[PDB]
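Here's the structure, in structure tokens; my notes come after.
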Amino acid sequence: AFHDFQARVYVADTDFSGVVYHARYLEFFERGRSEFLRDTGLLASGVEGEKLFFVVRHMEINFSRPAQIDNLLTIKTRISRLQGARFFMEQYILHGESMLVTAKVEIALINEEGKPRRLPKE
Amino acid sequence: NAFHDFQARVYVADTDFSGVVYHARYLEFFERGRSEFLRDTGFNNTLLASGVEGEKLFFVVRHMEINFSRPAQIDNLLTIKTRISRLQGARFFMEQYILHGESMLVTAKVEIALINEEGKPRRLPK
Amino acid sequence: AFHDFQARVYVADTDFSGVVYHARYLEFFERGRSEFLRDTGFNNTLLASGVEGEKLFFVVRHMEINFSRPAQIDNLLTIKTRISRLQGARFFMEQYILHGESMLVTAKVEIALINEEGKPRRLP
Amino acid sequence: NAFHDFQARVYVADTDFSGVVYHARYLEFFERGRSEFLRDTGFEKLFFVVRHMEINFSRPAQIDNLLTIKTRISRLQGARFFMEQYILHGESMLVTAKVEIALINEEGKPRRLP
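Sequences listed follow chains B, A, C and D, in order. Taken in order, the first sequence gives residues 14 to 54, 59 to 139; the numbers are from the authors' numbering. One gets the authors' numbering by counting positions in the second sequence from 1 and adding 12 to each. One gets the authors' numbering by counting positions in the third sequence from 1 and adding 13 to each. Taken in order, the fourth sequence gives residues 13 to 55, 67 to 137; the numbers are from the authors' numbering.
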């Protein structure tokens, strides 16, 4: 299923048209992905030899409706396909029952100098 | 139909803990490209928003596809390439690119609509 | 006294040096102020409606921030916000961002209330 | 020891719901002034850190304004430096800052300048 996570819309999130600035949805999505991880089960720290990072390789986003200041938003995340050197996520931000933004995201793993690495046990 | 060129520098604000430009900041740079395109012609965001056309009007990203190939580093000087690739009287379509020198970093396909203060769609002018 | 609010540090909040970028602490304080306000049963959208009669906005006039210790990725931060003074037009807050019990950042903030025109207005 | 100049345009990303530039975004602009200042003088990993900042938000910037950022070193002290900064729209004064800046390495201990 989709994991659920909520986030408040603040002033920092908006722009001069009164709505959430489009790029900021990528922030909320990212919160969805990190809280999805937390929900299951260090990379950055030094650990087994090198600092590793998740990196966004590809993103598709459809913006259909806006969020407003003060909206309590719902982020829904799940892994749509796992591949060993990369995984794929499907995400949606809603306000109650109303669908605001949809995304398909491609995530790979890299080290400090930006070299690809394979994925561990999940 | 040429690509309009615009440069921006990468500052600390643009970066993340992985050492390079945060992924969402590339969308700010793409927005700079589009805005500079719009001003290169005439109808800036203040003009559309002012009410001059009869009501206040705003561009909106409807759909976006981004490919993140290579990373931009601190202090890099970025070249942003923007052109309209499809008009449709109420939607238009842009192809944007971000290079550092001759190195392609990020590429994007963007769909833009035009809406009023109430979020209702409106036809493109001129 | 202090209203508490908790926020989590994501990748978005960091910069190339490993820690929260200095401006993002401002975002965290704004969250502190907004939640404080939301405790008075009021909010940003309700002010912008026209309760006082007109469309109201909070604006930061002045701010002194001291950056002592850094927040790390995934830290759960506590934002402490209180009002220290009023002036009837201008009001001041003292604000604090902690990791558990470690003081990270402190600010003194001067806030005013203005209408759509940018013209000042006393507090309701 | 004159002010160093640098120009930045305001975009949609810089604004908030009240129509003007978000207050935190001015810190980004002041940082651009500081970096261009450094560039202009020809400048364990080491990183600059803001220790202390006092800001005065006097008049708002709007979208499409070409802002002017004025930066100079107000006081040197070996382990840190101080910059006073201003952001103007043409002749109009928008935002003023005094900032104290140190240099540290990856662990968090301070270091020395050039």
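Backbone N, C-alpha and C fix where the C-beta goes; we use that ideal spot for every residue, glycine too.
* Asked: Apart from the five residues on each side of it in sequence, which residues of its chain come closer than 6 Å, Cβ to Cβ, to C:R74?
  -> Residue 74 of chain C sits at position 61 when you count from the first residue of the third sequence. So the list reads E123 and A125, once near-sequence residues are dropped.
* Pick helix, strand or coil for B:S47, following the three-state DSSP scheme. => Sequence index remark: in the first sequence, residue 47 of chain B carries index 34 (1-based). In the structure shown, B:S47 sits in a helix (DSSP, three-state: H, G or I).
* To do: Can you have a look at B:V64 and say buried or exposed, based on whether 16 or more other CB atoms are within 10 angstroms of its CB?
  => Position 47 of the first sequence holds residue 64 of chain B. Burial call: exposed.
* **N- and C-terminal bounds of the beta strand (DSSP E) containing A:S30** => Taking the first residue of the second sequence as 1, we reach residue 30 of chain A at position 18. Where A:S30 is concerned, there is no enclosing beta strand (DSSP E), given that its DSSP letter is neither H nor E.
* Asked: If you draw a straight line from the C-alpha of C:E129 to the C-alpha of D:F29, how long is it?
  -> For the purposes of this step, residue 129 of chain C is taken as residue 116 along the third sequence, with counting starting at 1. For the purposes of this step, residue 29 of chain D is taken as residue 17 along the fourth sequence, with counting starting at 1. Looking at the two C-alpha atoms, the distance is approximately 11 Å.
* To do: Determine whether the Cβ of A:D28 lies closer than 8 Å to any Cβ atom of chain C.
  => As a working note, residue 28 of chain A is residue 16 in the second sequence. It does; some Cβ of chain C falls within 8 Å.
* **Under the three-state DSSP convention, the category C:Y109 falls into** => For the purposes of this step, residue 109 of chain C is taken as the residue at position 96 of the third sequence. Three-state DSSP puts C:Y109 in a strand.
* Have a look at D:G113 and D:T91 and give me their C-alpha separation to the nearest angstrom. => Along the fourth sequence, read from residue 1 onward, the residue named residue 113 of chain D stands at position 90. Along the fourth sequence, read from residue 1 onward, the residue named residue 91 of chain D stands at position 68. So the alpha carbons of these two residues sit roughly 7 Å apart.
* Going by the CB atoms, is the gap between A:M106 and A:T94 shorter than 8 Å? -> Counted from its first residue, the second sequence places residue 94 of chain A at position 82. Counted from its first residue, the second sequence places residue 106 of chain A at position 94. Their beta carbons are under 8 Å apart, which means A:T94 touches A:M106 by this criterion.
* Which class does D:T91 belong to by DSSP, given the choice of helix, strand or coil? -> Here residue 91 of chain D is taken as the residue at index 68 of the fourth sequence, counted from 1. Here D:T91 sits in strand by DSSP.
* **Own chain partners of D:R21 with C-beta closer than 8 Å, once the 5 adjacent residues on each side are dropped** => Here the question's residue 21 of chain D lines up with position 9 in the fourth sequence. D87, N88, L89 and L90, listed in sequence order.
* At least 3 beta-carbon pairs within less than 8 Å: the region 34-54 of chain C vs the region 36-55 of chain D -> yes
* Using a threshold of 8 Å, state whether the C-beta atoms of C:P83 and C:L60 are closer than that. => Within the third sequence, the letter at position 70 stands for residue 83 of chain C. Within the third sequence, the letter at position 47 stands for residue 60 of chain C. In this structure, C:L60 does not lie closer than 8 Å to C:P83 by Cβ.
* Flag A:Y34 as yes if its beta-carbon sits less than 8 Å from any beta-carbon of chain C, otherwise no. => Reading the second sequence from its first residue, position 22 is the one you call residue 34 of chain A. Taking Cβ atoms only, chain C reaches closer than 8 Å to A:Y34, which makes this a yes.
* Identify whether A:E123 lies in helix, strand or coil by the three-state DSSP scheme. => As a first step, residue 123 of chain A must be located in the second sequence, where it is residue number 111. Note: A:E123 maps to strand in three-state DSSP.
* Asked: What is the rounded straight-line gap between the Cα of A:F49 and the Cα of A:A14?
  -> Numbered from its first residue, the second sequence carries residue 49 of chain A at position 37. Numbered from its first residue, the second sequence carries residue 14 of chain A at position 2. So the alpha carbons of these two residues sit roughly 11 Å apart.
* Report the neighbours of B:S47 on chain C: residues whose CB is nearer than 7 Å to its CB, in chain order. => Position 34 of the first sequence, counted from the start, is the residue given in the question as residue 47 of chain B. Simply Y23.
* Counting along the chain, where does the beta strand (DSSP E) carrying A:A61 start and finish? -> What you label residue 61 of chain A is simply residue 49 of the second sequence in a count that begins at 1. Looking at the DSSP string, A:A61 is not in any beta strand (DSSP E); the run it does join, the alpha helix (DSSP H), is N57 to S62.
* To do: Could you work out which residue in C:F104, C:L111 and C:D17 is closest to C:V72 when comparing CA atoms only?
  => Reading the third sequence from its first residue, position 59 is the one you call residue 72 of chain C. Checked all of C:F104, C:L111 and C:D17; the closest Cα to C:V72 is C:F104.
* B:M106: beta carbon under 7 Å from a heavy atom of the ligand ZN? -> For the ligand ZN, the structure offers nothing, since it holds no ligand at all.
* Three-state class that DSSP yields for C:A36 in the structure shown -> In the third sequence, residue 36 of chain C corresponds to position 23, counting from 1. It is coil, neither helix nor strand.
* Excluding the five sequence neighbours on either side, which residues of its own chain have a C-beta within less than 6 Å of the C-beta of D:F55, listed in chain order? -> By 1-based counting over the fourth sequence, the position of residue 55 of chain D is 43. Excluding positions up to five away in sequence, the list is empty.
* Excluding the five sequence neighbours on either side, which residues of its own chain have a C-beta within less than 7 Å of the C-beta of A:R44, listed in chain order? -> Taking the first residue of the second sequence as 1, we reach residue 44 of chain A at position 32. For A:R44, where only same-chain residues beyond five positions count, the Cβ hits under 7 Å are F18, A20 and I92.
* To do: Determine whether the Cβ of C:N57 lies closer than 8 Å to any Cβ atom of chain B.
  => Your numbering for residue 57 of chain C matches position 44 in the third sequence. At least one chain B Cβ lies under 8 Å of C:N57.
* Asked: Would you say B:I86 reaches chain C, if we count a Cβ-Cβ gap shorter than 8 Å as a contact?
  -> Stepping through the first sequence from its first residue, residue 86 of chain B is reached at position 69. Chain C contact via Cβ: present.
* Answer with yes or no whether the minimum CB distance from C:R82 to chain B is below 8 Å. => Numbered from its first residue, the third sequence carries residue 82 of chain C at position 69. Closer than 8 Å: no.
* At a Cβ threshold of 8 Å, is A:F104 touching chain B? -> Residue numbering aside, residue 104 of chain A sits at position 92 when the second sequence is read from its first letter. So no, A:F104 is outside the interface.
* **Run of the beta strand (DSSP E) containing A:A20, from where it starts to where it stops** => For this step, residue 20 of chain A is matched to residue 8 along the second sequence. Residues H16 to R21.
* Asked: Nearest chain A C-beta to B:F70 closer than 8 Å, yes or no?
  -> Within the first sequence, residue 70 of chain B is the residue found at index 53, counting from 1. Yes - at least one Cβ of chain A is within 8 Å of the one on B:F70.
* **Listed by chain order, chain D residues near B:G66 by CB distance under 9 Å** => Here residue 66 of chain B refers to the residue found at position 49 of the first sequence. Simply none; closest approach about 17 Å.
* Residue span of the beta strand (DSSP E) that contains residue 138 of chain D, given as start and end -> This structure cannot settle anything about residue 138 of chain D, because the visible part of chain D is limited to 13 through 137.
* Asked: Which residues in the same chain have their Cβ closer than 7 Å to the Cβ of A:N57, if we skip the five residues on either side of it in sequence?
  -> One-based indexing of the second sequence puts residue 57 of chain A at position 45. Cβ within range, chain order: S47.
* To do: Go ahead and label B:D26 buried or exposed: buried means 16 or more other beta carbons lie within 10 angstroms of its beta carbon, across all protein chains shown.
  => Working through the first sequence from its first residue, we reach residue 26 of chain B at position 13. Its Cβ being crowded by 16 or more others within 10 Å, B:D26 is buried.
* Asked: What's the call for A:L111, buried or exposed, on a 16-neighbour Cβ count within 10 Å?
  -> To locate residue 111 of chain A, count along the second sequence from 1; it is residue 99. Buried, by the Cβ-count rule.
* Out of curiosity, what's the CA-to-CA distance linking C:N79 and D:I96? -> Taking the third sequence and counting its residues from 1, one reaches residue 79 of chain C at position 66. Taking the fourth sequence and counting its residues from 1, one reaches residue 96 of chain D at position 73. Their Cα atoms are separated by approximately 19 Å.
* Beta carbon proximity, D:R98 to chain A, threshold 8 Å -> One-based indexing of the fourth sequence puts residue 98 of chain D at position 75. No - not a single Cβ of chain A is within 8 Å of the one on D:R98.
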